[PDB]
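Single-structure report; data block below.
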Amino acid sequence: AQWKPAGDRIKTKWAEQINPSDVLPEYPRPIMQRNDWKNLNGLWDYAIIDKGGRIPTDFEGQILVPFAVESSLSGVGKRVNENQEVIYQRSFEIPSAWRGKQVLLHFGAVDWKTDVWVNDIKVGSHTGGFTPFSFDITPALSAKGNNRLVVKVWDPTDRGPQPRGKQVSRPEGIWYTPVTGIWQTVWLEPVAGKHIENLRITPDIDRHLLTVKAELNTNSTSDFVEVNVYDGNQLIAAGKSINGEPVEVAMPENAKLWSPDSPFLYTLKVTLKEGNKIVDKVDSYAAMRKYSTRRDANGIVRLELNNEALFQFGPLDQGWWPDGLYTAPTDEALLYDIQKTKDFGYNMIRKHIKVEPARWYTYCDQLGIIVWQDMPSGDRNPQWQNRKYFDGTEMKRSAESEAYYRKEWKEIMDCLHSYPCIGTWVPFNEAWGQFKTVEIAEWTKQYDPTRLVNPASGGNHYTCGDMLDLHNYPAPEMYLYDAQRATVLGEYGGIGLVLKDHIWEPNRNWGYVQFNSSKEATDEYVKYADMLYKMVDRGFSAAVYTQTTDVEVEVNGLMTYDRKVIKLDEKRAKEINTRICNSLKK
Amino acid sequence: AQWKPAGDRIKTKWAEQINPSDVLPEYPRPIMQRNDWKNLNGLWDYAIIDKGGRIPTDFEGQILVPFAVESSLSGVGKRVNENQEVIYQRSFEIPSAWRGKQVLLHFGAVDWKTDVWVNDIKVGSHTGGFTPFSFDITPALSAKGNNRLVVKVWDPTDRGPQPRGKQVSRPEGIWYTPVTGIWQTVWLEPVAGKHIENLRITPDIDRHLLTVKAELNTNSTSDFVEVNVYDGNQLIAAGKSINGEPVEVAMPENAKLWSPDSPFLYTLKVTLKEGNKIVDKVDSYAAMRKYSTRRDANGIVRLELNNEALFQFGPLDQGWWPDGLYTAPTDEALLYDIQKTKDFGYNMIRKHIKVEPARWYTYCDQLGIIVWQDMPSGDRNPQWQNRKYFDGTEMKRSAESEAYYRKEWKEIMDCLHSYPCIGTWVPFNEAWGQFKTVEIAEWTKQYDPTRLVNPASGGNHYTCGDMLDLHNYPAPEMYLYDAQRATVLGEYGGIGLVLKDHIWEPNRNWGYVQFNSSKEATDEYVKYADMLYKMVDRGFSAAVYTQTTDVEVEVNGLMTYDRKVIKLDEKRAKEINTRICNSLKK
Amino acid sequence: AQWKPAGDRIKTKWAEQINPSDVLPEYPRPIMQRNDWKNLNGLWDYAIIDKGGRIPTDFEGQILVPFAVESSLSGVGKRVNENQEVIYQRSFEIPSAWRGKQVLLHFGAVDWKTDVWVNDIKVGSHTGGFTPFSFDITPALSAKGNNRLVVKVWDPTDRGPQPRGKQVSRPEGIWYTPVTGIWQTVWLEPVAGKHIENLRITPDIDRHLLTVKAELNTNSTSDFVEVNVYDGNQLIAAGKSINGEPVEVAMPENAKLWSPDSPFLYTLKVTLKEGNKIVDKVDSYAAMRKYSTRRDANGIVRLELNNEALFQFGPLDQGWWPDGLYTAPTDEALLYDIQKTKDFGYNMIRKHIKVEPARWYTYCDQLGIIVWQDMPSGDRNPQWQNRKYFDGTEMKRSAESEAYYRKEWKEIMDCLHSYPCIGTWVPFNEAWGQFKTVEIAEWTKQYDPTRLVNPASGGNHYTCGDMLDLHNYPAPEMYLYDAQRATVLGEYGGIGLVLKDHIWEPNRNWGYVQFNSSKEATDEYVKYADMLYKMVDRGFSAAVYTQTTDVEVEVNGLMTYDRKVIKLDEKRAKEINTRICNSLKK
Ligand SMILES: [Cl-]
Ligand SMILES: [Cl-]
Ligand SMILES: [Cl-]
Ligand SMILES: [Cl-]
Ligand SMILES: [Cl-]
Ligand SMILES: [Cl-]
Ligand SMILES: [Cl-]
Ligand SMILES: [Cl-]
Ligand SMILES: [Cl-]
Ligand SMILES: [Mg+2]
Ligand SMILES: [Mg+2]
Ligand SMILES: [Mg+2]
């Protein structure tokens, strides 16, 4: 059967541009680039089986990878419960030019538990629906050709304690449609026997230093790594190292620092050598930027970018699409939300309990958007004491649930470490699965000192981390203040507006405050923003407005769920949002 | 001299069948079978030196390996204190067919500290008297032949804090003769440079899956493992994996499940490949079975085998022999105790503070006997509060003693992991060396979730693990009950009966209750078992009778110490023991 | 310019003997000797730059390696603050006979953080100013010749929390000039591809055993180590091992035991084989000695050397030099302090919050001096409760400061493990940076049980470790006694005497007591020593007199700061010091 978008829900303009022969063709890993790769997106054979059932060899339907089974653009649009498993199967060829090289199989993200076979040979497994993973499949490849790839996915959604974000089995209110299966690009990559697996890039503008650690799959004493840094196409600095040492690149003192108003990116060329012969080399980019906090001349702790106080103001971006759920239909659509955030005068985005594909963060690096990265929530909740420092009963996770949280949080910080845009880690949000807050905040800060730590966005509040985060709806309000840290407003606004022919369901829509016209909503937004501007001088050092787009029945975004309508006046919002981003400028 | 059993104590009928040129010739590791091996059992040169003394080159007497120095069948029958060391010396030849192959020197068990030299070259060491260990002795061999094997053993018995079980220096009451030296078969094994060191087999009947993890001595990327599962001679399942991934084998949903009444075993054939070349291959077996606890329709937590409630009923088996102490004289003697347990209508055996050779657990796998595996006890004790939840002073082990416990307990669970018969781990018994009970129980359940955890058989009791274990003598009694877990009777009975021609000592013999004839003793057993049967509906979910055989002056077993007389009527006991084993049947 | 000692301060007689083309030429590592090496001491190019500044390629001045930048013998004599970095640069040729071999670059000690480049290739980094470290620089060597070596050094002194000893930015009273940069010999060494990195030598006189673990850089199964022990020229013991096992060498029962009165040293010859091919070979020494504590017949816990009670009595040696600061000008000078200690009748030396070069400890092994090794102090302090057991507020180190302490304390014990002279580890002194005393003392004893543990010299006092250490000035006093351990006097005396023309500064000189002639000071020393002798049978088991030499304004040593005048009468001191060392003789 011919592939068709499933369901009768609203769809973006990119839904009718989807070509099942060329689905999401852009390079999946701009932070470490090799020239050769093969995209495995497209139409795979799929099957939904009972958990523990036979993996079938004859399939009746097809799914469009990488769109989740519940999504419209998958061409399937079915539900998978905690007692079912999804089976992807496709054939693939290895290019003849790749002969003799190691072949890596890459997954951007699969929710939740993945088991992969190549020609009936198990090549690897993975748990965690937000992090990328790879397997070396060269021993399993066939000399004849027609390699068979089988992926077995399990996802209990909210019936299990794993990180899931807004995914629930019964969507209502603030909770959305579950996301199961392959939802990021799958691709093959040829590499040498010894190759760079990851680039750990860390800047230090105070020491005029750029550190690049090339993590290899295997090490030898004669290994040699060389890093070349380019301003445009002019080489401005270089570094070499052996013995697995991180490459310290001495940067020029007049280096161009990265910021939202001037997001300059240097270009990196990293080379690996066994002795004096080149075995591997990759392309990358880097930015000289610094995140910190410092008490200003008025006694208030501010968030600082490049040793200068900067008020961070941005929308809450949950990253949902009506046709692709977690997956943006095209690369132009993925970029669209970020560009509209710049067009609204913001300098920040809070990616809410979700991790995006690698291309999204690179776009924030290129466009100049500071990113607050949440840790996707899950499991049960303690009591939410949202307006005072927590004194209630601490919730105890099972040893298994705690292990999953710690494991996936480390993997998220690991795979997102080299991105300049990320400035703040947010381990918890509104007591969702919150546990051992002080211990996790200290571990997060100790693991990556270059970023700020938001211990719990909106509670539960503990005297730890780098900032106190208050939520309040609808208007901004400073009901709690930590003079020892920065005090921010991690969620406010939520002005709702129901624009028919552009909503997910005909009724039960809601906002924190509701109006019947775009003008009335823009007036209420400017009113809230005017209050927020006067509060910067009184204690608030950052703020997050809810939200970027409408999501399902929550119609309180700057754009409709299908992105076809901008709900608030852009020129009026840009005028005051710009004033707030420059509120601390000298 | 000529070899001759030492001492005038009672002996089993197999003591006169011992041939010192063919001592214990059966394959020592049925769970992982290669074809070629060489048995080093037999007459070694021995010497008892002062601790720290010089290792002599000339020797006066010989010892029969593998019988402990204190045992009768060793031909020595001498005592070794904590200020002495035992020195074994032996010459061995390597078969010419093994040329080019790696040669592994295997020890089944040596108590307690072992140091091994091959041609005056130290090849390894080991601490722990109950676990197997191996050394690669290939570089120490000589081309001229006549390799010299020297083993130095030290055993402080109860003068040290290490696990020892029932071994003491001054045997009396419930404490038996010390066991020092080599008490399990020593053998050689030829293997490839890369070979399978251990098979970690784990079933999952709920997911119709058999996971086989082949742990290798070295790993390369092109390593390939293939597992073939056979129902008799018919291949019914297969699995392949690379990258060190454990082999998940999809079992048929009609898979024959293992149980004491139907102990079916599948045959495994595991093959290791370096690329396309077969480099190693082993034979094994597996059983599809599951242990768990579930609350029944009456509100009582029951032990469940294969998702069905099953009452587990069996004898306490300390595994002691009058002539070989820890070592059964022949393989037919080792099997006899298990066979007589089956004949008395039991379905379970509690191996009491001892670990048996590998062939013993395989016999339980083949005959169909669930095994409760104790952790051999040692060190000092806290106060034993046997009838209430513990409230006294916790005992504090030294850092060295706790490390010895944690290490050997991990090693025991490691080498015994793949055995279907084992269903329950018992870290402590009657407060013998009991410390950090809750922490040890949680670590045990986390390290192997496929088995049940009995935190402390008979006390001290803590609200942890999978069951509450009461001891009571002589009659059964339910004086304490945990409605949140299963409640079991891990020790009861102990009906004594002195037979003149088949006891260890002339007097000082004892039972918990004593009768003068087999008829009277069987009357009391059927009396206690009738009480136990009614208590099954009342709360009890498992029970252990004391004991399998008489041991030294404790004459309360089903058989005499020398195994020549069955003390209780088998036909009357089997009829009621079978009724108790089927008590929870629906 | 041409090299010349800087400053107008007093200098030793060896300052005028320094030849800049032959500086400290003796072999830097007697505990593990290979024949071939190249000394890199001499005149390097140097530059003091801003922290984070450019590393120059052209230099204006030169420094005499290995003398610290602040020292006189460096030819520089300048101060480096925490916002500055020191840059060393020199060229070096690799001898042609070293071709094909691996070339290691050895640093004895650099304070505090070190980064090393060879031909602009980073070869390694290191933090910690008291431990040696090595780099394999072979892939960075150039075939043309004239290799360039660049060493960047950063040292915050007391502006950071790292271990620093007596170094402060503003020397006054008991605190002395900072020591920044390379202060121990830099040298090159050729080794085979597989070589012995370090020798872990541990004796056991109770088991007549010497254990030698040859720690290699890489491991193979075919590896083979042989250890030959020589009494003079006569081979008296040998041992061989494979599989990485430590070599157990059976020592003769009449072995010559090491002691201050008879410091016999056996000679070691360690050989590493790959199969039957010798690939590496090192020479070493070893001593059969044992440190312990036992309660004597009078109920007092004494320090025991070789299972016999021995009163350890020695001076406090801070190891400071007016011309070389931390670095002794010549090897003849490094020996002089130890020789005068022996000439004064002592048998022990407390190396105060400093780690000396390896030759210094070998000289203690050869001359017969027991060493109490302090952990160099740093960071902030809690309240010093010096006369009672601590009940005040515990000080909380930062996560970074605690890590630096634990890391360097392990590295100090690791590199000093094989030295016979070292008998006691002292983690803290007078509450300087004291934290988690009980945990650190238990970790220290568990890491090296062969040495005694002084938990905190002079406080803060906790019921832990092997001894209680009291400080009292000027006279001895036993205000606190621990009957469960030994009670020692780790600091007393401090008799001051100002000898003009031999002092650091003309003003602010001080002692704990001040006298005007050598006669008066010697009278007071014998008076304090007479008190100490009577106190031996009262509970004191060891004592430390302050101090070896004058250091800057603290003029209370046995010698002047320039080692030119013996301030106290040697014959009278030797007569009483010898009586105190033999006080526990039976
Ligand atoms: Cl091609
Ligand atoms: Cl290929
Ligand atoms: Cl490298
Ligand atoms: Cl509240
Ligand atoms: Cl006997
Ligand atoms: Cl061979
Ligand atoms: Cl594998
Ligand atoms: Cl090693
Ligand atoms: Cl070795
Ligand atoms: Mg999901
Ligand atoms: Mg024993
Ligand atoms: Mg310093």
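By order of appearance in the structure tokens: chains A, B, ..., then residues from 1 within every chain, and ligands from 1 in the order shown.
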
**Report entry** Shell of 10 Å around region 353-356 of chain B, only C-alpha atoms, local chain residues under 5 positions omitted, as a count of residues only
**Finding:** 31

**Report entry** Selection within 7 Å of ligand 2 by only C-alpha atoms and all ligand atoms, output as a PyMOL selection string
**Finding:** chain A and resi 98-103+138

Requested write-out: C-alpha atoms of the selected residues, as a compact mmCIF listing (two decimals), in the first residue's frame:
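File out_37.txt, as written:
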```txt
# COMPACT_ATOMS: atom_id res chain seq x y z
CA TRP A 98 33.22 0.87 2.07
CA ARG A 99 34.87 -2.54 1.60
CA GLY A 100 37.40 -3.34 4.31
CA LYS A 101 36.24 -0.54 6.63
CA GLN A 102 34.41 -0.79 9.93
CA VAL A 103 30.70 0.00 9.56
CA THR A 138 31.07 -5.23 10.53
```

Query - Near-residue 61 (chain B) list (8 Å; only C-alpha atoms; drop same-chain fewer than 4 positions) as a ChimeraX atom specification - result: /B:1,45-47

Those same residues, written as a PDB file, in the first residue's frame with N, CA, C and O atoms?
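The result, written out as out_2.pdb:
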```
ATOM      1  N   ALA B   1      55.599 -46.139  51.633  1.00  0.00           N
ATOM      2  CA  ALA B   1      54.606 -47.127  52.038  1.00  0.00           C
ATOM      3  C   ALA B   1      53.539 -47.311  50.963  1.00  0.00           C
ATOM      4  O   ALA B   1      53.641 -46.755  49.869  1.00  0.00           O
ATOM      5  N   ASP B  45      53.150 -36.218  46.844  1.00  0.00           N
ATOM      6  CA  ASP B  45      54.014 -36.031  47.999  1.00  0.00           C
ATOM      7  C   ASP B  45      53.438 -34.931  48.882  1.00  0.00           C
ATOM      8  O   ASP B  45      52.930 -33.920  48.388  1.00  0.00           O
ATOM      9  N   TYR B  46      53.501 -35.133  50.195  1.00  0.00           N
ATOM     10  CA  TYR B  46      52.950 -34.159  51.125  1.00  0.00           C
ATOM     11  C   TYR B  46      53.926 -33.935  52.269  1.00  0.00           C
ATOM     12  O   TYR B  46      54.792 -34.766  52.554  1.00  0.00           O
ATOM     13  N   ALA B  47      53.767 -32.788  52.926  1.00  0.00           N
ATOM     14  CA  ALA B  47      54.559 -32.447  54.096  1.00  0.00           C
ATOM     15  C   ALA B  47      53.821 -31.376  54.883  1.00  0.00           C
ATOM     16  O   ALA B  47      53.233 -30.463  54.297  1.00  0.00           O
TER      17      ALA B  47
END
```

Report summary line: For chain A, the closest of B:110, B:174, B:249, B:73 counting only C-alpha atoms is B:249

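Pairwise distance (CA of residue 85 (chain C), CA of residue 70 (chain C)) equals 13.2 Å.
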
Query - Check: which chain A residues lie within 10 Å of chain C using only C-alpha atoms, as a ChimeraX atom specification - result: /A:204-209,221-226,238-248,250-253,274-276,442,446

Same residues, N, CA and C atoms, saved as an mmCIF file, in the first residue's frame:
```cif
data_model
loop_
_atom_site.group_PDB
_atom_site.id
_atom_site.type_symbol
_atom_site.label_atom_id
_atom_site.label_comp_id
_atom_site.auth_asym_id
_atom_site.auth_seq_id
_atom_site.Cartn_x
_atom_site.Cartn_y
_atom_site.Cartn_z
ATOM 1 N N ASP A 204 37.722 27.767 27.463
ATOM 2 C CA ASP A 204 38.112 28.480 28.683
ATOM 3 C C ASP A 204 38.595 29.866 28.252
ATOM 4 N N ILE A 205 37.660 30.818 28.199
ATOM 5 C CA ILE A 205 38.005 32.161 27.754
ATOM 6 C C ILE A 205 38.872 32.886 28.772
ATOM 7 N N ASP A 206 38.852 32.456 30.037
ATOM 8 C CA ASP A 206 39.699 33.092 31.040
ATOM 9 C C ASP A 206 41.161 32.705 30.864
ATOM 10 N N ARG A 207 41.425 31.474 30.429
ATOM 11 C CA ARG A 207 42.777 31.011 30.152
ATOM 12 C C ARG A 207 43.126 31.083 28.670
ATOM 13 N N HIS A 208 42.249 31.667 27.851
ATOM 14 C CA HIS A 208 42.441 31.782 26.405
ATOM 15 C C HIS A 208 42.779 30.420 25.799
ATOM 16 N N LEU A 209 41.894 29.460 26.054
ATOM 17 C CA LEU A 209 42.195 28.057 25.826
ATOM 18 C C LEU A 209 40.988 27.344 25.237
ATOM 19 N N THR A 221 50.275 3.602 22.088
ATOM 20 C CA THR A 221 51.261 4.567 22.564
ATOM 21 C C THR A 221 51.644 5.570 21.483
ATOM 22 N N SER A 222 51.618 5.159 20.217
ATOM 23 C CA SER A 222 52.036 6.004 19.107
ATOM 24 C C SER A 222 50.913 6.885 18.568
ATOM 25 N N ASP A 223 49.756 6.901 19.225
ATOM 26 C CA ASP A 223 48.628 7.685 18.741
ATOM 27 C C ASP A 223 48.927 9.177 18.816
ATOM 28 N N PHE A 224 48.570 9.890 17.752
ATOM 29 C CA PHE A 224 48.844 11.314 17.622
ATOM 30 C C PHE A 224 47.577 12.020 17.166
ATOM 31 N N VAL A 225 47.214 13.095 17.862
ATOM 32 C CA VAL A 225 46.020 13.873 17.554
ATOM 33 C C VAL A 225 46.432 15.318 17.314
ATOM 34 N N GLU A 226 45.917 15.907 16.237
ATOM 35 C CA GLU A 226 46.195 17.291 15.878
ATOM 36 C C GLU A 226 44.878 18.022 15.670
ATOM 37 N N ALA A 238 46.427 26.065 16.664
ATOM 38 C CA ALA A 238 46.582 24.634 16.443
ATOM 39 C C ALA A 238 47.174 23.993 17.688
ATOM 40 N N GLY A 239 46.938 22.694 17.828
ATOM 41 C CA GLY A 239 47.453 21.946 18.962
ATOM 42 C C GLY A 239 47.673 20.493 18.606
ATOM 43 N N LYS A 240 48.637 19.874 19.287
ATOM 44 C CA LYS A 240 48.980 18.473 19.080
ATOM 45 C C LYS A 240 49.187 17.808 20.433
ATOM 46 N N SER A 241 48.937 16.501 20.493
ATOM 47 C CA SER A 241 49.147 15.772 21.738
ATOM 48 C C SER A 241 49.277 14.283 21.452
ATOM 49 N N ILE A 242 49.903 13.584 22.399
ATOM 50 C CA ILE A 242 50.032 12.132 22.365
ATOM 51 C C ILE A 242 49.583 11.572 23.708
ATOM 52 N N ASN A 243 49.757 10.261 23.895
ATOM 53 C CA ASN A 243 49.485 9.589 25.168
ATOM 54 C C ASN A 243 48.051 9.809 25.642
ATOM 55 N N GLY A 244 47.129 10.035 24.709
ATOM 56 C CA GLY A 244 45.749 10.283 25.073
ATOM 57 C C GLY A 244 45.493 11.597 25.776
ATOM 58 N N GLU A 245 46.458 12.512 25.773
ATOM 59 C CA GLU A 245 46.280 13.788 26.448
ATOM 60 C C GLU A 245 45.265 14.650 25.702
ATOM 61 N N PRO A 246 44.460 15.433 26.416
ATOM 62 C CA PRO A 246 43.588 16.398 25.737
ATOM 63 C C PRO A 246 44.416 17.461 25.032
ATOM 64 N N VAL A 247 43.984 17.824 23.828
ATOM 65 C CA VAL A 247 44.704 18.801 23.019
ATOM 66 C C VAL A 247 44.357 20.197 23.527
ATOM 67 N N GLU A 248 45.336 20.874 24.124
ATOM 68 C CA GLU A 248 45.171 22.253 24.574
ATOM 69 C C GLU A 248 45.566 23.182 23.432
ATOM 70 N N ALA A 250 45.997 26.929 22.273
ATOM 71 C CA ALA A 250 46.141 28.305 22.735
ATOM 72 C C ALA A 250 45.415 29.236 21.773
ATOM 73 N N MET A 251 44.329 29.840 22.240
ATOM 74 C CA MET A 251 43.526 30.732 21.412
ATOM 75 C C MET A 251 44.037 32.167 21.491
ATOM 76 N N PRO A 252 43.831 32.940 20.427
ATOM 77 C CA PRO A 252 44.246 34.346 20.453
ATOM 78 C C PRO A 252 43.436 35.143 21.461
ATOM 79 N N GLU A 253 44.083 36.160 22.035
ATOM 80 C CA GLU A 253 43.436 36.957 23.072
ATOM 81 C C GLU A 253 42.262 37.755 22.519
ATOM 82 N N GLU A 274 48.393 7.281 13.439
ATOM 83 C CA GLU A 274 49.194 6.200 14.002
ATOM 84 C C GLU A 274 50.622 6.388 13.506
ATOM 85 N N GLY A 275 51.510 6.809 14.400
ATOM 86 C CA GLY A 275 52.835 7.208 13.977
ATOM 87 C C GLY A 275 52.776 8.507 13.202
ATOM 88 N N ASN A 276 53.085 8.460 11.906
ATOM 89 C CA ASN A 276 53.013 9.645 11.060
ATOM 90 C C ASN A 276 52.071 9.468 9.875
ATOM 91 N N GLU A 442 24.707 18.478 43.108
ATOM 92 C CA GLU A 442 26.151 18.491 43.313
ATOM 93 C C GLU A 442 26.859 17.594 42.305
ATOM 94 N N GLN A 446 29.503 18.951 39.565
ATOM 95 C CA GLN A 446 30.849 18.388 39.593
ATOM 96 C C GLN A 446 31.203 17.713 38.272
#
```

Requested in this report: Might you pull out every residue within 12 Å of residue 194 (chain B), with only C-alpha atoms counted and same-chain residues fewer than 2 positions away left off, and present them as a ChimeraX atom specification?
Outcome: /B:101-102,190-192,196-197,214-220,223-224,272-274,277-281 /C:221

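Using only C-alpha atoms and all ligand atoms, the nearest neighbour of ligand 6 within the list B:145, B:78, B:63, B:10 is B:145.
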
Query raised in the report: Got a sec to check which residues lie within 6 Å of ligand 4, using only C-alpha atoms and all ligand atoms, and send them as a list in words?
Result: residues 385, 386, 387 and 388 of chain A

Report task. Could you tell me, counting only C-alpha atoms and all ligand atoms, which protein and nucleic acid residues lie no more than 8 Å from ligand 11, written as JSON, numbers by chain? Result -> {"B": [111, 112, 129, 155, 156, 157, 164, 167, 168, 178, 179, 180, 181]}

Restricting it to C-alpha atoms, dump the selection as an mmCIF file, in the first residue's frame.
```cif
data_model
loop_
_atom_site.group_PDB
_atom_site.id
_atom_site.type_symbol
_atom_site.label_atom_id
_atom_site.label_comp_id
_atom_site.auth_asym_id
_atom_site.auth_seq_id
_atom_site.Cartn_x
_atom_site.Cartn_y
_atom_site.Cartn_z
ATOM 1 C CA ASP B 111 40.794 -24.603 52.071
ATOM 2 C CA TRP B 112 41.773 -21.990 52.674
ATOM 3 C CA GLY B 129 37.836 -22.913 50.622
ATOM 4 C CA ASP B 155 43.977 -22.978 56.880
ATOM 5 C CA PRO B 156 43.436 -21.281 60.266
ATOM 6 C CA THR B 157 39.977 -22.968 60.665
ATOM 7 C CA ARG B 164 34.445 -22.266 57.338
ATOM 8 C CA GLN B 167 34.792 -26.788 60.692
ATOM 9 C CA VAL B 168 36.267 -26.163 64.154
ATOM 10 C CA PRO B 178 38.340 -29.493 60.385
ATOM 11 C CA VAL B 179 39.001 -29.741 56.650
ATOM 12 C CA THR B 180 42.382 -28.501 55.398
ATOM 13 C CA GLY B 181 43.828 -28.739 51.909
#
```

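Reported to one decimal place, the separation of CA of residue 304 (chain B) from CA of residue 456 (chain B) is 20.0 Å.
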
Query raised in the report: Which residues, written as JSON, numbers by chain, have at least one atom at most 12 Å from region 579-585 of chain B, with only C-alpha atoms counted and residues fewer than 4 positions away on the same chain left out?
Result: {"B": [260, 261, 296, 297, 298, 300, 301, 302, 303, 304, 305, 308, 309, 310, 311, 312, 313, 314, 342, 344, 345, 346, 347, 348, 369, 370, 526, 528, 529, 530, 531, 532, 533, 534, 535, 536, 537, 538, 539, 540, 541, 542, 543, 544, 572, 573, 574, 575]}

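On the backbone of this structure, DSSP gives strand (DSSP E or B) within region 140-188 of chain C to residues 147, 148, 149, 150, 151, 152, 153, 154, 167, 172, 175, 176, 181, 182, 186, 187 and 188 of chain C.
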
Preceding selection exported with N, CA and C atoms as a tab-separated table (two decimals), in the first residue's frame:
```tsv
chain	number	residue	atom	x	y	z
C	147	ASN	N	65.56	18.33	19.72
C	147	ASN	CA	64.21	18.34	20.26
C	147	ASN	C	64.02	19.51	21.21
C	148	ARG	N	62.84	20.12	21.18
C	148	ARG	CA	62.51	21.24	22.05
C	148	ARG	C	61.59	20.75	23.16
C	149	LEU	N	61.94	21.10	24.40
C	149	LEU	CA	61.17	20.72	25.58
C	149	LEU	C	60.64	21.99	26.24
C	150	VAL	N	59.32	22.08	26.38
C	150	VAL	CA	58.67	23.23	27.00
C	150	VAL	C	57.85	22.74	28.19
C	151	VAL	N	58.06	23.36	29.35
C	151	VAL	CA	57.37	22.99	30.57
C	151	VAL	C	56.69	24.23	31.13
C	152	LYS	N	55.36	24.20	31.21
C	152	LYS	CA	54.58	25.27	31.82
C	152	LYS	C	54.20	24.86	33.24
C	153	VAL	N	54.40	25.78	34.18
C	153	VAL	CA	54.19	25.51	35.60
C	153	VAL	C	53.31	26.60	36.19
C	154	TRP	N	52.33	26.19	37.00
C	154	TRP	CA	51.48	27.10	37.75
C	154	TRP	C	51.47	26.68	39.21
C	167	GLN	N	55.18	26.53	52.61
C	167	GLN	CA	55.23	27.61	51.64
C	167	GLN	C	54.05	28.55	51.82
C	172	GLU	N	56.63	34.47	57.30
C	172	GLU	CA	56.76	35.09	58.61
C	172	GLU	C	56.63	34.01	59.67
C	175	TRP	N	56.43	30.18	58.78
C	175	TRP	CA	56.12	29.99	57.38
C	175	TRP	C	57.20	30.63	56.52
C	176	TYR	N	57.58	29.95	55.44
C	176	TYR	CA	58.81	30.24	54.72
C	176	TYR	C	58.52	30.63	53.27
C	181	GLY	N	57.97	25.80	40.66
C	181	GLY	CA	58.69	25.31	39.50
C	181	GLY	C	59.35	23.96	39.73
C	182	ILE	N	60.34	23.68	38.89
C	182	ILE	CA	61.04	22.41	38.91
C	182	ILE	C	62.12	22.46	39.99
C	186	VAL	N	65.49	16.63	36.46
C	186	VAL	CA	64.81	16.19	35.24
C	186	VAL	C	65.79	15.35	34.45
C	187	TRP	N	65.33	14.20	33.95
C	187	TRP	CA	66.24	13.31	33.25
C	187	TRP	C	65.48	12.43	32.27
C	188	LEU	N	66.21	11.89	31.30
C	188	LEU	CA	65.68	11.00	30.28
C	188	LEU	C	66.22	9.59	30.50
```

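For ligand 1, the neighbouring polymer residues at 8 Å or closer are residues 94, 95, 96, 97 and 98 of chain A, only C-alpha atoms and all ligand atoms being used.
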
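Using only C-alpha atoms, the contacts of residue 6 (chain C) at a cut-off of 7 Å, with sequence neighbours closer than 6 positions omitted, comprise residues 72, 73, 75, 76 and 77 of chain C.
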
Query raised in the report: Between C:519, C:415, C:481, C:227, which is the closest to ligand 9 once you count only C-alpha atoms and all ligand atoms?
Result: C:227
